[PDB]
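Take a look at the structure set out below.
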Number of protein chains: 2
Amino acid sequence: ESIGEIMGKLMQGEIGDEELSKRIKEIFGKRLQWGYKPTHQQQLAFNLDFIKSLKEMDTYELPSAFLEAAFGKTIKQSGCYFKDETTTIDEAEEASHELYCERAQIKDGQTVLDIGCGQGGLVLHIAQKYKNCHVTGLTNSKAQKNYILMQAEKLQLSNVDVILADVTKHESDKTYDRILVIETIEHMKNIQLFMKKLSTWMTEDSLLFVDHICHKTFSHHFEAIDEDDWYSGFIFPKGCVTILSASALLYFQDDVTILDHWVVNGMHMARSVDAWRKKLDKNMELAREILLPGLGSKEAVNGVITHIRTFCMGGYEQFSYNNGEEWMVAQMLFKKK
Amino acid sequence: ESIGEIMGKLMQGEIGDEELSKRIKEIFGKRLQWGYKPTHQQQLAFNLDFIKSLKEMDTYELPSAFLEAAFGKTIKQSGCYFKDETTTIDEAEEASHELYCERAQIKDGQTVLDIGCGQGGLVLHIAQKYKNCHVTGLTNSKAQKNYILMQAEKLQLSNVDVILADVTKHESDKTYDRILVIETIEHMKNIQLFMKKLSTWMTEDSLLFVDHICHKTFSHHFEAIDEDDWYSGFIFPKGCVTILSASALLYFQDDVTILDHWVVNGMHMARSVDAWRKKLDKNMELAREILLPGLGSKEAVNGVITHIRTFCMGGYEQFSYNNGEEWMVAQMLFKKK
Ligand SMILES: C[S@@+](CC[C@H](N)C(=O)[O-])C[C@H]1O[C@@H](n2cnc3c(N)ncnc32)[C@H](O)[C@@H]1O
Ligand SMILES: C[S@@+](CC[C@H](N)C(=O)[O-])C[C@H]1O[C@@H](n2cnc3c(N)ncnc32)[C@H](O)[C@@H]1O
């Protein structure tokens with residue numbers, strides 16, 4: 001069977017969930033074979049080759065109504081935290097926001113910058129919880145900026161601003177007590193330059209908190225290993241996402257210094273994408289109606305839905321692999337050098 | 001059975017090699033159970049607790065004739081490198097010296113400092129290979145200084161000096177192009193202060209190369225877990241040796257920045273201690289004769305020999321565990337911040 005044949009059946013809804021999960025699990029299984037080496041000597045050789053390679057490098061948006069139908073209350077687009085099997089996505093968003101506040105040592109009165117803030121759930125959480133904080137979200141999306149500002153207005157929050165910028169091009173002398181990067185570093189083409197830039201927005205009193213999807217042992221770009229992987233390039237059509245190992249950022253301490261380091265087991269991410277998948281499925285009719293005017297045809301709507309749903313189904317297999325002990329979430333706390 | 005009972009039988013030579021190896025292997029097996037955690041989340045919690053704990057902290061010598069009877073030609077007292085099963089200890093010393101020169105990027109004309117240089121094998125190797133290098137060994141032993149200076153004289157080397165100092169107390173404004181630390185960091189009570197001090201002896205052009213015994217996954221002090229471990233406190237009577245994880249020094253980048261990172265599989269160390277054990281056994285009669293005047297009695301001689309021989313037997317079990325994939329040697333290359 002060819003890529004086109006599997007892709008044809010997928011877009012027509014001919015692949016059942018059981019087969020779909022099985023196919024994507026097998027693709028990730030092959031990535032594990034690719035990444036694990038027989039000795040720690042070889043593992044470190046492999047890992048350092050990847051780290052060295054990184055140091056040499058360098059219109060359409062979904063309507064808010066659709067995003068509200070698929071994601072949780074604050075439209076968090078990152079791994080959440082589930083205390084219980086019955087923890088709801090809304091509760092899991094709040095729990096994850098609270099976890100970031102604890103680990104980033106957020107205190108009332110601080111200036112806070114959230115880089116790649118998305119729909120601003122964390123920005124709004126900190127602003128509401130800590131009235132004397134000033135909280136700045138930075139996003140490259142005008143729609144996202146507008147969404148956050150509307151929400152801040154509705155919530156009577158007067159301590160929020162949003163910078164509309166590509167972070168890689170943003171120039172400022174402004175510094176912040178706290179810089180947060182929640183599942184945004186994965187999209188950075190030049191990590192060393194990114195960390196350098198962030199350090200210039202810090203004083204000696206500042207802390208930097210990074211949360212990123214990882215594998216516990218090795219790093220990889222999110223891409224097809226071989227011609228049998230129809231999945232990776234379907235989810236991310238460009239070579240834009242890097243999955244760092246849980247320890248990869250320890251080698252990016254030119255300009256910042258590590259203070260603490262954690263991982264959150266992959267079942268939390270698994271439960272996050274599962275919740276999004278189930279909510280989308282529940283609101284399927286409504287989602288199709290929302291997307292129709294902006295996409296022009298039912299076929300274009302089906303394609304967008306298939307893409308997001310498959311992202312969740314595949315994400316589930318990736319992060320649930322070996323009870324969350326392969327792909328997971330890494331977190332690190334840094335000070336300036 | 002008690003500690004004293006096993007220790008009594010050991011000192012009397014009543015424990016055969018098979019039983020001795022079995023007993024020490026079991027002690028190290030229990031250390032593995034202690035160190036491995038069920039999830040990477042728990043592993044990192046455990047590892048960071050250890051790293052944080054480190055950041056809060058802080059007459060008799062063996063005659064050269066005995067050392068020559070037990071160790072290889074240059075009396076190297078660190079893991080060596082064995083290309084073949086039939087590689088001799090002398091060849092393995094030279095191979096390891098060459099490996100350090102390659103990985104530390106030693107070039108003719110550089111100033112080189114070797115911290116805790118021991119009997120000076122590496123100092124003498126670099127001095128002979130690179131005539132325009134000036135090579136300084138630093139050791140806390142007057143006997144070692146005298147040995148190195150005699151060897152340099154015999155070898156017609158004019159580019160060697162030795163500093164007699166406790167490195168933790170040594171104060172100087174002198175800087176070096178290359179600083180080498182070969183299995184000495186294990187003895188440092190305050191690692192953060194140690195790395196800070198080393199950085200002050202570096203310029204922007206300098207490199208620092210550290211080689212240390214490690215476990216691939218976790219860190220531990222070389223000490224008894226429980227009352228059943230007669231071995232650890234017999235080998236090192238004080239709490240003076242720390243076995244860092246293969247990645248532990250990545251968290252000590254306040255003052256230096258990582259450039260490269262390797263491990264050497266534990267079978268190389270295993271073959272090193274095996275070679276020392278076998279050479280001591282071959283030269284047993286001679287060793288007893290050498291040690292007798294300085295120790296006063298045959299019983300005191302037996303005790304010293306038992307200690308060193310057991311060190312080798314135990315070291316073999318430790319480093320050969322799972323074909324060298326538990327305890328091994330970590331190497332790191334740094335520049336100044
Ligand atoms: C997976 S999301 C996470 C968003 C948010 N932090 C959260 O937890 O919900 C990654 C975000 O990074 C943003 N992003 C990617 N590249 C960027 C850039 N160069 N400048 C600013 N934002 C960027 C994306 O638009 C996206 O909103
Ligand atoms: C295992 S040996 C390695 C010696 C040598 N680098 C080699 O590879 O053969 C560790 C050395 O560090 C030395 N050492 C320990 N503490 C020291 C200190 N505070 N100052 C200087 N040397 C020290 C010990 O005396 C010992 O020679």
Side-chain angles (χ1 to χ4, degrees), chain A residues 47-58 104 110-117 136-140 163-214 219 221 239-261 330-337, chain B residues 195-196 199 202-208 249-261 332-337:
Chain A
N47 291 359
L48 270 287
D49 186 66
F50 194 94
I51 289 149
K52 288 170 183 182
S53 79
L54 296 174
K55 298 193 176 208
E56 292 169 53
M57 276 174 154
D58 190 64
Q110 286 164 356
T111 52
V112 180
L113 176 67
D114 181 351
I115 289 169
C117 63
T136 303
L138 187 153
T139 177
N140 61 349
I163 297 168
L164 176 63
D166 179 343
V167 72
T168 69
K169 291 171 184 179
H170 180 66
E171 291 293 324
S172 185
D173 47 39
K174 198 165 190 185
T175 59
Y176 301 87
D177 296 318
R178 294 292 186 276
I179 303 182
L180 319 170
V181 191
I182 312 299
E183 292 169 33
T184 297
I185 207 166
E186 295 92 311
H187 300 274
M188 296 302 103
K189 292 181 187 292
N190 192 335
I191 290 164
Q192 206 194 315
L193 204 78
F194 179 74
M195 299 291 271
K196 170 75 174 83
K197 184 174 263 203
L198 306 198
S199 76
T200 73
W201 303 338
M202 293 171 76
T203 69
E204 57 265 58
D205 296 313
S206 304
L207 301 177
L208 166 65
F209 178 81
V210 179
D211 171 303
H212 68 83
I213 64 178
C214 76
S219 308
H221 299 294
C240 66
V241 174
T242 301
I243 299 185
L244 300 166
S245 82
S247 62
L249 286 183
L250 300 173
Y251 300 83
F252 290 86
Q253 292 187 70
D254 279 295
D255 301 295
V256 293
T257 319
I258 195 79
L259 295 170
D260 218 336
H261 184 198
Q331 296 171 343
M332 286 181 185
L333 186 71
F334 305 90
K335 65 179 177 171
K336 190 177 177 157
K337 271 270 104 78
Chain B
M195 299 291 271
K196 170 75 174 83
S199 76
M202 293 171 76
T203 69
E204 57 265 58
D205 296 313
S206 304
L207 301 177
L208 166 65
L249 286 183
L250 300 173
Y251 300 83
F252 290 86
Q253 292 187 70
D254 279 295
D255 301 295
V256 293
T257 319
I258 195 79
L259 295 170
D260 218 336
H261 184 198
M332 286 181 185
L333 186 71
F334 305 90
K335 65 179 177 171
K336 190 177 177 157
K337 271 270 104 78

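For the numbers below, each heavy atom of this structure counts, side chains included, while hydrogens, waters and symmetry mates do not. Order of the sequence lines sets the chain letters (A, B, ...), proteins ahead of strands, with each chain counted from 1.
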How long is the gap from [atom1] on [X] to [atom2] on [Y], to the nearest 0.5 Å?
X: A:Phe252; Y: A:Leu249; atom1: CZ; atom2: CG; value: 7.0 Å
X: A:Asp114; Y: A:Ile163; atom1: CG; atom2: CD1; value: 11.0 Å
X: A:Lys189; Y: A:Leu54; atom1: NZ; atom2: CG; value: 12.5 Å
X: A:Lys197; Y: A:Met188; atom1: NZ; atom2: CE; value: 10.0 Å
X: A:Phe194; Y: A:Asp255; atom1: CZ; atom2: CG; value: 12.5 Å

- Looking only at atom types and distance, does a side-chain atom of B:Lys337 sit under 3.5 Å from a main-chain N or O of B:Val256, one as donor and one as acceptor?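 At least one qualifying donor-acceptor pair exists.
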- Sequence neighbours left out, what pairs pass side chain to side chain donor-acceptor pair (under 3.5 Å) with at least one residue falling in residues 199-214 of chain A?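 Passing the test, one end in residues 199-214 of chain A: A:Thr203-A:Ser206, A:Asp211-A:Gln331.
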Could you note down all residue pairs passing side chain to side chain donor-acceptor pair (under 3.5 Å) where residues 164-183 of chain A supplies at least one of them, sequence neighbours left out?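 Qualifying pairs: A:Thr111-A:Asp177, A:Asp166-A:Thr168.
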What is the minimum heavy-atom distance between [X] and [Y], and which atoms define it?
X: A:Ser245; Y: A:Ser219; answer: N-OG, 2.9 Å
X: B:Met202; Y: B:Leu207; answer: CE-C, 3.8 Å
X: A:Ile179; Y: A:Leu198; answer: CD1-O, 3.7 Å

| Should B:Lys335 and B:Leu259 be marked as a side-chain contact (heavy atoms from CB on, under 4.5 Å) after you check the CA-CA gap, both sets of side-chain angles, and the distance that decides it? | CA-CA 7 Å; B:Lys335 65 179 177 171; B:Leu259 295 170; 4.0 Å; yes
If you define the side chain from C-beta out and look only at heavy atoms, does anything of [X] sit under 4.5 Å from [Y]?
X: A:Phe334; Y: A:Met332; result: yes
X: A:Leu244; Y: A:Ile191; result: yes
X: A:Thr136; Y: A:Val112; result: no
X: B:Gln253; Y: B:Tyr251; result: no
X: A:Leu48; Y: B:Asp260; result: yes

Taking the basic N atoms (NZ, or NE/NH1/NH2) and the acidic carboxylate oxygens, is any pair closer than 4.0 Å for A:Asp254 and A:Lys55?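 So A:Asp254 pairs with A:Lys55 through a salt bridge.
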Test applied, side chain to side chain contact (heavy atoms under 4.5 Å, CB included); reference residue, A:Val167; option that passes from A:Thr139, A:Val181, A:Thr184, A:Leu138:
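Single pass found, and it is A:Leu138.
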task = Please test A:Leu164 against A:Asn140 for side-chain contact (heavy atoms from CB on, under 4.5 Å), starting from the C-alpha separation and ending with a verdict.
result = CA-CA 5 Å; A:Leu164 176 63; A:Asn140 61 349; 5.6 Å; no
* **Stepwise side-chain contact (heavy atoms from CB on, under 4.5 Å) test for A:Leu208 and A:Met195** => CA-CA 10 Å; A:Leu208 166 65; A:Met195 299 291 271; 4.1 Å; yes
